[PDB]
>>> print(open('data.cif').read())   # mmCIF, C-alpha atoms and all ligand atoms
data_model
#
loop_
_atom_site.label_atom_id
_atom_site.label_comp_id
_atom_site.auth_asym_id
_atom_site.auth_seq_id
_atom_site.Cartn_x
_atom_site.Cartn_y
_atom_site.Cartn_z
CA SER A 7 -8.84 45.40 42.40
CA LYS A 8 -10.35 41.89 42.42
CA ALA A 9 -13.24 39.92 43.99
CA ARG A 10 -12.62 38.26 47.36
CA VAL A 11 -14.88 35.32 46.44
CA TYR A 12 -15.66 33.39 43.21
CA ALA A 13 -12.87 35.23 41.36
CA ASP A 14 -11.90 32.11 39.38
CA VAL A 15 -15.38 30.83 38.39
CA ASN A 16 -15.08 31.90 34.73
CA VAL A 17 -11.36 31.05 34.73
CA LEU A 18 -12.02 27.36 35.48
CA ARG A 19 -15.18 26.87 33.41
CA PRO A 20 -15.27 25.95 29.70
CA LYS A 21 -15.03 29.04 27.46
CA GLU A 22 -18.51 28.15 26.13
CA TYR A 23 -19.92 29.09 29.58
CA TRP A 24 -18.93 32.78 29.48
CA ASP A 25 -18.34 33.31 25.75
CA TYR A 26 -21.86 34.54 25.01
CA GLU A 27 -20.96 36.08 21.62
CA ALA A 28 -20.42 32.52 20.30
CA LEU A 29 -24.01 31.61 21.25
CA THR A 30 -26.40 30.85 18.41
CA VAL A 31 -30.04 31.36 19.37
CA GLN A 32 -32.58 28.58 18.74
CA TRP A 33 -35.69 30.61 17.87
CA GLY A 34 -38.93 28.98 19.04
CA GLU A 35 -42.52 29.46 17.86
CA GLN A 36 -43.72 33.09 17.91
CA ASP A 37 -47.37 31.96 17.69
CA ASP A 38 -47.08 29.76 20.82
CA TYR A 39 -47.41 32.77 23.17
CA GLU A 40 -50.13 35.42 23.21
CA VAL A 41 -50.06 38.77 25.00
CA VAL A 42 -52.80 39.00 27.64
CA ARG A 43 -51.97 42.35 29.32
CA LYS A 44 -49.15 44.88 29.77
CA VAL A 45 -47.58 44.55 33.22
CA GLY A 46 -44.71 46.99 32.91
CA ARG A 47 -41.32 47.76 31.48
CA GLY A 48 -37.75 46.58 31.92
CA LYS A 49 -34.65 48.71 31.27
CA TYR A 50 -34.82 48.32 27.44
CA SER A 51 -38.10 46.42 27.01
CA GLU A 52 -41.90 46.20 27.29
CA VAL A 53 -43.24 43.38 29.42
CA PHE A 54 -46.52 41.51 29.25
CA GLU A 55 -48.45 38.85 31.08
CA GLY A 56 -49.00 36.15 28.49
CA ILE A 57 -50.38 32.69 27.83
CA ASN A 58 -48.97 29.54 26.24
CA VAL A 59 -51.71 28.61 23.72
CA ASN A 60 -50.64 24.94 23.72
CA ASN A 61 -51.32 24.30 27.43
CA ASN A 62 -52.99 27.51 28.70
CA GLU A 63 -50.09 28.11 31.12
CA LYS A 64 -49.42 31.71 32.14
CA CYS A 65 -46.08 33.24 31.17
CA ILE A 66 -44.12 36.48 30.99
CA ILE A 67 -43.48 37.97 27.54
CA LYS A 68 -40.55 40.39 27.46
CA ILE A 69 -40.43 42.21 24.14
CA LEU A 70 -37.04 43.83 23.72
CA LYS A 71 -36.54 47.29 22.25
CA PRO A 72 -34.04 47.39 19.35
CA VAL A 73 -30.56 46.58 20.62
CA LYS A 74 -27.25 45.08 19.42
CA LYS A 75 -26.90 41.32 18.81
CA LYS A 76 -24.10 41.11 21.41
CA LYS A 77 -26.36 42.41 24.19
CA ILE A 78 -29.24 39.99 23.54
CA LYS A 79 -26.85 37.01 23.48
CA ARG A 80 -25.41 38.21 26.81
CA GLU A 81 -28.83 38.27 28.50
CA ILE A 82 -29.92 34.91 27.03
CA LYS A 83 -26.69 33.09 27.97
CA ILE A 84 -26.67 34.50 31.53
CA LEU A 85 -30.33 33.42 31.84
CA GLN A 86 -29.57 29.90 30.56
CA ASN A 87 -26.57 29.63 32.91
CA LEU A 88 -28.69 30.73 35.91
CA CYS A 89 -31.80 28.61 35.16
CA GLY A 90 -32.90 27.53 37.72
CA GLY A 91 -31.08 28.83 40.80
CA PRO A 92 -32.85 30.03 43.94
CA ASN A 93 -35.20 32.96 43.21
CA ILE A 94 -33.95 33.56 39.65
CA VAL A 95 -36.52 34.19 36.91
CA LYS A 96 -36.87 31.15 34.61
CA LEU A 97 -36.22 31.69 30.89
CA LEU A 98 -38.51 29.25 29.04
CA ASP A 99 -38.29 30.23 25.36
CA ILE A 100 -36.90 32.79 22.93
CA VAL A 101 -38.94 33.85 19.88
CA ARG A 102 -39.20 36.71 17.34
CA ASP A 103 -41.51 38.42 14.86
CA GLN A 104 -40.74 37.07 11.37
CA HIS A 105 -41.26 40.46 9.66
CA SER A 106 -39.68 43.03 12.02
CA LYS A 107 -37.38 40.49 13.75
CA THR A 108 -38.22 41.96 17.17
CA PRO A 109 -37.35 39.32 19.81
CA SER A 110 -39.35 38.16 22.84
CA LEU A 111 -37.99 36.39 25.91
CA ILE A 112 -40.50 34.04 27.55
CA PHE A 113 -40.36 33.39 31.30
CA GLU A 114 -42.22 31.38 33.92
CA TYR A 115 -45.12 33.49 35.19
CA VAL A 116 -44.17 36.07 37.82
CA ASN A 117 -46.79 38.05 39.70
CA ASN A 118 -45.97 41.57 40.83
CA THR A 119 -46.99 43.51 43.90
CA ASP A 120 -45.97 47.17 43.36
CA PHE A 121 -43.06 47.86 45.74
CA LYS A 122 -44.08 51.47 46.37
CA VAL A 123 -47.36 50.22 47.89
CA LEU A 124 -45.87 47.00 49.38
CA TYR A 125 -42.84 48.31 51.33
CA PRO A 126 -44.86 50.54 53.75
CA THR A 127 -46.79 47.43 54.87
CA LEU A 128 -43.77 45.12 55.43
CA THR A 129 -43.27 43.96 58.99
CA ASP A 130 -39.81 43.81 60.61
CA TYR A 131 -39.95 40.06 59.89
CA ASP A 132 -40.99 40.40 56.20
CA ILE A 133 -37.92 42.62 55.55
CA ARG A 134 -35.61 40.01 57.10
CA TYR A 135 -37.39 37.31 55.08
CA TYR A 136 -37.41 39.00 51.62
CA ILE A 137 -33.84 40.36 51.90
CA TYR A 138 -32.70 36.85 52.84
CA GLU A 139 -34.51 35.52 49.74
CA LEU A 140 -32.83 38.21 47.62
CA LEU A 141 -29.46 37.26 49.17
CA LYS A 142 -29.96 33.64 48.03
CA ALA A 143 -30.44 34.84 44.42
CA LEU A 144 -27.35 37.03 44.63
CA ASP A 145 -25.08 34.43 46.26
CA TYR A 146 -26.13 31.96 43.57
CA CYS A 147 -25.46 34.26 40.59
CA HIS A 148 -22.15 35.47 42.06
CA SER A 149 -21.16 31.80 42.61
CA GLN A 150 -21.89 31.26 38.91
CA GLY A 151 -19.55 34.14 38.05
CA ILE A 152 -22.22 36.67 37.13
CA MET A 153 -22.92 40.16 38.52
CA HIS A 154 -26.52 41.42 38.15
CA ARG A 155 -25.43 45.10 38.08
CA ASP A 156 -29.00 46.48 38.37
CA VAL A 157 -30.34 45.45 41.79
CA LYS A 158 -33.26 47.71 42.74
CA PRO A 159 -36.86 47.44 44.06
CA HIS A 160 -38.35 47.04 40.54
CA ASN A 161 -35.93 44.19 39.72
CA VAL A 162 -36.75 42.37 42.94
CA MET A 163 -40.24 41.08 42.05
CA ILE A 164 -42.15 40.19 45.21
CA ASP A 165 -45.39 38.24 45.18
CA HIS A 166 -46.54 39.09 48.70
CA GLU A 167 -49.67 36.99 48.25
CA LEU A 168 -47.62 33.79 47.76
CA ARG A 169 -44.43 35.02 49.51
CA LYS A 170 -42.25 34.45 46.44
CA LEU A 171 -39.34 36.57 45.28
CA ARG A 172 -37.78 36.68 41.82
CA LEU A 173 -34.68 38.56 40.69
CA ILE A 174 -35.61 39.79 37.21
CA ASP A 175 -34.19 41.79 34.29
CA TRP A 176 -30.74 40.39 33.60
CA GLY A 177 -30.25 42.82 30.68
CA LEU A 178 -27.43 44.75 32.42
CA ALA A 179 -25.71 41.66 33.93
CA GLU A 180 -22.14 40.54 33.09
CA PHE A 181 -19.72 37.66 33.69
CA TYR A 182 -16.96 38.48 36.18
CA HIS A 183 -13.35 38.15 34.95
CA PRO A 184 -10.50 39.22 37.30
CA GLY A 185 -8.90 42.48 36.16
CA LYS A 186 -11.52 43.18 33.46
CA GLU A 187 -12.58 46.82 33.13
CA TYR A 188 -16.32 47.29 32.87
CA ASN A 189 -18.65 50.01 31.69
CA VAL A 190 -19.72 52.14 34.68
CA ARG A 191 -22.98 53.06 32.92
CA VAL A 192 -24.84 50.27 34.73
CA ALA A 193 -27.40 49.94 37.57
CA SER A 194 -29.86 52.75 38.30
CA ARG A 195 -28.75 56.04 39.84
CA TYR A 196 -30.02 55.66 43.43
CA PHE A 197 -28.49 52.18 43.57
CA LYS A 198 -25.14 52.93 41.87
CA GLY A 199 -22.07 52.18 43.99
CA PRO A 200 -19.31 54.77 44.60
CA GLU A 201 -17.10 52.68 42.24
CA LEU A 202 -19.43 53.59 39.37
CA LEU A 203 -19.62 57.23 40.43
CA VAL A 204 -15.82 57.61 40.66
CA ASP A 205 -15.12 55.67 37.41
CA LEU A 206 -13.58 52.59 39.07
CA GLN A 207 -14.04 50.14 36.20
CA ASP A 208 -12.54 46.96 37.65
CA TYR A 209 -15.49 46.33 39.99
CA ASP A 210 -17.05 42.95 40.87
CA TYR A 211 -19.94 41.08 42.54
CA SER A 212 -19.63 43.56 45.48
CA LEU A 213 -21.42 46.15 43.35
CA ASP A 214 -24.70 44.24 43.91
CA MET A 215 -24.15 44.38 47.68
CA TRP A 216 -24.04 48.18 47.68
CA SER A 217 -27.31 48.20 45.70
CA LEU A 218 -28.88 45.80 48.23
CA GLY A 219 -27.52 47.99 51.05
CA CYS A 220 -29.39 50.92 49.45
CA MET A 221 -32.62 48.87 49.23
CA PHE A 222 -32.23 47.63 52.80
CA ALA A 223 -31.55 51.20 54.03
CA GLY A 224 -34.75 52.40 52.30
CA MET A 225 -36.84 49.61 53.85
CA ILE A 226 -35.81 49.95 57.51
CA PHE A 227 -35.76 53.77 57.43
CA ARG A 228 -38.80 54.17 55.13
CA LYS A 229 -36.84 56.76 53.14
CA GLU A 230 -37.19 55.88 49.47
CA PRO A 231 -34.93 56.09 47.71
CA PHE A 232 -32.37 56.29 50.54
CA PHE A 233 -29.90 58.28 48.43
CA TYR A 234 -31.93 60.74 46.34
CA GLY A 235 -29.56 62.42 43.87
CA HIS A 236 -30.53 64.24 40.67
CA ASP A 237 -27.60 63.37 38.39
CA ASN A 238 -24.54 61.12 38.78
CA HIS A 239 -22.46 63.88 40.43
CA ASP A 240 -25.21 64.63 42.98
CA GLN A 241 -25.64 60.90 43.72
CA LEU A 242 -22.03 60.85 45.00
CA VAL A 243 -22.64 64.06 47.00
CA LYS A 244 -25.65 62.41 48.69
CA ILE A 245 -23.54 59.38 49.67
CA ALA A 246 -20.74 61.61 51.00
CA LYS A 247 -23.22 63.56 53.16
CA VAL A 248 -24.12 60.32 54.97
CA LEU A 249 -20.86 58.33 54.97
CA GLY A 250 -18.62 61.40 55.21
CA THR A 251 -15.83 62.71 53.00
CA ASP A 252 -13.01 61.32 55.18
CA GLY A 253 -13.94 57.71 54.31
CA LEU A 254 -14.23 58.79 50.68
CA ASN A 255 -10.71 60.23 50.69
CA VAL A 256 -9.12 57.05 52.12
CA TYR A 257 -11.02 55.04 49.48
CA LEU A 258 -9.90 57.24 46.54
CA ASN A 259 -6.31 57.08 47.77
CA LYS A 260 -6.43 53.26 48.13
CA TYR A 261 -7.39 52.68 44.48
CA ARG A 262 -5.49 55.76 43.23
CA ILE A 263 -8.45 57.67 41.78
CA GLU A 264 -8.58 61.41 41.21
CA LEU A 265 -12.02 63.03 41.22
CA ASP A 266 -12.87 65.49 38.44
CA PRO A 267 -12.34 68.98 39.96
CA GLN A 268 -16.00 69.99 39.46
CA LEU A 269 -17.19 66.79 41.17
CA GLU A 270 -14.64 67.26 43.95
CA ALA A 271 -16.05 70.79 44.41
CA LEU A 272 -19.66 69.49 44.46
CA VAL A 273 -18.74 66.78 47.00
CA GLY A 274 -17.08 69.28 49.37
CA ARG A 275 -16.36 68.45 53.02
CA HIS A 276 -18.72 66.46 55.25
CA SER A 277 -18.80 64.47 58.48
CA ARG A 278 -20.24 60.98 58.89
CA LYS A 279 -23.91 60.88 59.85
CA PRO A 280 -24.60 57.94 62.23
CA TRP A 281 -27.30 55.53 60.99
CA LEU A 282 -29.36 56.10 64.15
CA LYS A 283 -29.91 59.75 63.12
CA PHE A 284 -32.23 58.45 60.37
CA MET A 285 -34.55 56.78 62.91
CA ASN A 286 -37.98 58.37 63.47
CA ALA A 287 -41.49 57.45 64.73
CA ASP A 288 -42.47 56.11 61.31
CA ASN A 289 -39.56 53.61 61.19
CA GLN A 290 -38.57 52.96 64.85
CA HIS A 291 -40.33 49.54 64.78
CA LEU A 292 -37.91 48.50 61.99
CA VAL A 293 -34.61 49.95 63.19
CA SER A 294 -32.68 47.63 65.53
CA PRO A 295 -28.94 47.44 66.40
CA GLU A 296 -28.74 44.19 64.37
CA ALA A 297 -30.32 45.93 61.33
CA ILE A 298 -27.83 48.80 61.68
CA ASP A 299 -24.85 46.47 62.17
CA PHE A 300 -25.90 44.67 58.98
CA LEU A 301 -26.56 47.89 57.01
CA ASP A 302 -23.24 49.36 58.22
CA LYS A 303 -21.29 46.42 56.77
CA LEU A 304 -23.05 46.84 53.39
CA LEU A 305 -22.81 50.59 52.77
CA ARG A 306 -19.03 50.91 52.62
CA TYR A 307 -17.18 53.01 50.01
CA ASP A 308 -14.58 50.27 49.60
CA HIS A 309 -16.18 47.43 47.62
CA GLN A 310 -13.60 45.05 49.15
CA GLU A 311 -14.85 45.89 52.68
CA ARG A 312 -18.51 45.01 51.95
CA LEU A 313 -20.10 41.76 53.15
CA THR A 314 -20.38 39.09 50.51
CA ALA A 315 -23.87 37.67 49.94
CA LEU A 316 -22.88 34.40 51.67
CA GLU A 317 -21.58 36.28 54.72
CA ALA A 318 -24.71 38.45 54.79
CA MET A 319 -27.03 35.43 54.99
CA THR A 320 -25.29 34.26 58.19
CA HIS A 321 -25.50 37.66 59.96
CA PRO A 322 -27.47 37.24 63.26
CA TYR A 323 -30.04 39.66 61.78
CA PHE A 324 -31.45 36.76 59.70
CA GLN A 325 -31.21 34.28 62.56
CA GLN A 326 -35.00 33.69 62.83
CA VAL A 327 -35.33 33.39 59.04
CA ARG A 328 -32.64 30.66 58.98
CA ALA A 329 -34.16 28.86 61.99
CA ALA A 330 -37.58 28.82 60.29
CA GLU A 331 -35.97 27.84 56.98
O1 LIG B 401 -41.97 39.25 35.43
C1 LIG B 401 -41.40 40.29 35.01
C2 LIG B 401 -40.07 40.18 34.36
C3 LIG B 401 -39.44 38.94 34.21
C4 LIG B 401 -38.18 38.86 33.60
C5 LIG B 401 -37.56 40.02 33.14
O2 LIG B 401 -36.34 39.98 32.54
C6 LIG B 401 -38.19 41.25 33.29
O3 LIG B 401 -37.57 42.38 32.84
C7 LIG B 401 -39.44 41.34 33.89
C8 LIG B 401 -40.10 42.67 34.05
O4 LIG B 401 -39.52 43.70 33.64
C9 LIG B 401 -41.44 42.77 34.70
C10 LIG B 401 -42.07 44.01 34.85
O5 LIG B 401 -41.44 45.13 34.39
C11 LIG B 401 -43.32 44.11 35.47
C12 LIG B 401 -43.95 42.95 35.94
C13 LIG B 401 -43.33 41.71 35.79
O6 LIG B 401 -43.94 40.58 36.24
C14 LIG B 401 -42.08 41.62 35.17
#
>>> encode(input="data.cif", output="structure tokens")
Amino acid sequence: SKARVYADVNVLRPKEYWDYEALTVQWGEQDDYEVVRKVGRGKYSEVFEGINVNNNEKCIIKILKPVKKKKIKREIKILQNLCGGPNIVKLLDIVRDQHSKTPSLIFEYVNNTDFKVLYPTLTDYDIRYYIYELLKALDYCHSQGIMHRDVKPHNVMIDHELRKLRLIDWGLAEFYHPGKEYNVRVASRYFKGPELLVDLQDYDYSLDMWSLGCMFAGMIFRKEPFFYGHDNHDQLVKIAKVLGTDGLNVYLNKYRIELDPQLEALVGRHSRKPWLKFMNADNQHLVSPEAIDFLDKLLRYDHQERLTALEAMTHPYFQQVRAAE
């Protein structure tokens, strides 16, 4: 398998662009940034609102939990490469504690409106707007030859007050190289593509589009998460109960994958459940044929069949967002 777009980005660029292990970190001043208040956690980190003591500017302080040198270089390089594309978090500085050597990444200040409280109040328009803004971030990073690999509500930081969106936490992200076989232990369960769940290692940018599809499905249907599985096996079962086992079987044949017998047993036999069957009185004001047409083209077993981020932005669903933009 290979990506249908931007396959050759890291083929044509200098090796220095993607060769993150060769990076040597320029450590800034640890004392320049003070913790003001804890604001949350990333995947392998604790995150704080901070202040730059030189100019009193707000910042984000991301203190990383102990991890391998390779992994920190990967995040830092990807962040330097993507500074400052549309709706990407801005890495400002990298510092560390002299004694314990625990590193901190410093970002431009990002405010956070809790998604669990925010999503119920989004209007039909707001969902078109914010997904479009997310799509800009994704098209940009894909065009720079990077997959995010952990798209989810928490990693899409919305400031509803100021109507800003930031794609955050690039700690699971990777450079795309055609044919390369990746670790499937990425993303978060509810937002893991079928490729990850069936051990298809040579995946690409299209992984992020499944994850967005899952977020978009949860928004319009107000069912969150949309696919609510307990473990990785059950997460596939939940997908198969909506999309149907027939489409799964043609997908597994196409890429020549055999399911583990226990997983195959757990998956079983299911019919496709039309998207319209998820509509109810709570979400009717959000579900339109354009929303469903868009969702349908995102939640596809076959990663090659999914809309690219660039294609998605031009779908008539976002027509009013473009026209206003
Ligand atoms: O801004 C980030 C932020 C900015 C860049 C990151 O890499 C990141 O993980 C976070 C982050 O985890 C975070 C959070 O967990 C809670 C509130 C936040 O404002 C953030």
>>> residues_near_ligand(input="data.cif", ligand="ligand LIG 401 (chain B)", cutoff="6 Å", atoms="all atoms listed in the file", output="list in words")
residues 45, 46, 47, 48, 53, 66, 95, 116, 117, 118, 174, 175 and 176 of chain A
>>> closest_residue(input="data.cif", among="A:136, A:89, A:147, A:62", to="residue 324 in chain A", atoms="all atoms listed in the file")
A:136
>>> closest_residue(input="data.cif", among="A:314, A:268, A:106, A:286", to="residue 218 in chain A", atoms="all atoms listed in the file")
A:314
>>> residues_around(input="data.cif", residues="residue 222 in chain A", least_positions_apart="6", cutoff="10 Å", atoms="all atoms listed in the file", output="ChimeraX atom specification")
/A:133-134,137,159,216,228,232,297-298,300-301,304-305
>>> closest_residue(input="data.cif", among="A:296, A:247, A:264, A:164", to="residue 279 in chain A", atoms="all atoms listed in the file")
A:247
>>> closest_residue(input="data.cif", among="A:36, A:108, A:251, A:87", to="residue 73 in chain A", atoms="only C-alpha atoms")
A:108
>>> closest_residue(input="data.cif", among="A:204, A:171, A:293, A:101", to="residue 254 in chain A", atoms="only C-alpha atoms")
A:204
>>> residues_around(input="data.cif", residues="residue 328 in chain A", least_positions_apart="2", cutoff="12 Å", atoms="all atoms listed in the file", output="list in words")
residues 131, 134, 135, 138, 139, 142, 318, 319, 320, 321, 322, 323, 324, 325, 326, 330 and 331 of chain A
>>> decode(input="data.cif", residues="range 250-289 of chain A", atoms="C-alpha atoms", output="short mmCIF file (atom, residue, chain, number, x, y, z; two decimals), in the first residue's frame")
data_model
loop_
_atom_site.label_atom_id
_atom_site.label_comp_id
_atom_site.auth_asym_id
_atom_site.auth_seq_id
_atom_site.Cartn_x
_atom_site.Cartn_y
_atom_site.Cartn_z
CA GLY A 250 -20.74 -4.39 8.13
CA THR A 251 -18.54 -7.47 7.83
CA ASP A 252 -18.91 -7.75 4.04
CA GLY A 253 -16.93 -4.53 3.47
CA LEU A 254 -14.40 -5.78 6.00
CA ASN A 255 -13.92 -9.04 4.11
CA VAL A 256 -13.27 -7.30 0.74
CA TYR A 257 -10.78 -5.01 2.52
CA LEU A 258 -8.87 -7.87 4.21
CA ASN A 259 -8.72 -9.74 0.90
CA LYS A 260 -7.43 -6.65 -0.97
CA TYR A 261 -4.40 -6.20 1.29
CA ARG A 262 -4.04 -9.95 1.98
CA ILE A 263 -4.55 -9.87 5.75
CA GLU A 264 -5.69 -12.78 7.88
CA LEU A 265 -7.47 -11.94 11.13
CA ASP A 266 -6.42 -13.78 14.29
CA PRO A 267 -9.02 -16.57 14.77
CA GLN A 268 -10.18 -15.20 18.16
CA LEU A 269 -10.65 -11.72 16.67
CA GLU A 270 -12.41 -13.19 13.63
CA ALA A 271 -14.73 -15.00 16.08
CA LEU A 272 -15.37 -11.78 18.07
CA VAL A 273 -16.08 -9.83 14.86
CA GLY A 274 -18.64 -12.39 13.63
CA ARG A 275 -21.15 -11.60 10.88
CA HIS A 276 -22.95 -8.25 10.55
CA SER A 277 -24.88 -6.14 8.06
CA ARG A 278 -24.19 -2.49 7.27
CA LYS A 279 -26.13 -0.02 9.41
CA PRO A 280 -27.11 3.06 7.35
CA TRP A 281 -25.89 6.39 8.81
CA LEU A 282 -29.47 7.71 8.98
CA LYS A 283 -30.31 5.05 11.61
CA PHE A 284 -28.15 7.02 14.07
CA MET A 285 -30.34 10.14 13.71
CA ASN A 286 -32.56 11.09 16.66
CA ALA A 287 -34.35 14.15 18.15
CA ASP A 288 -31.19 15.23 19.96
CA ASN A 289 -29.11 15.38 16.73
#
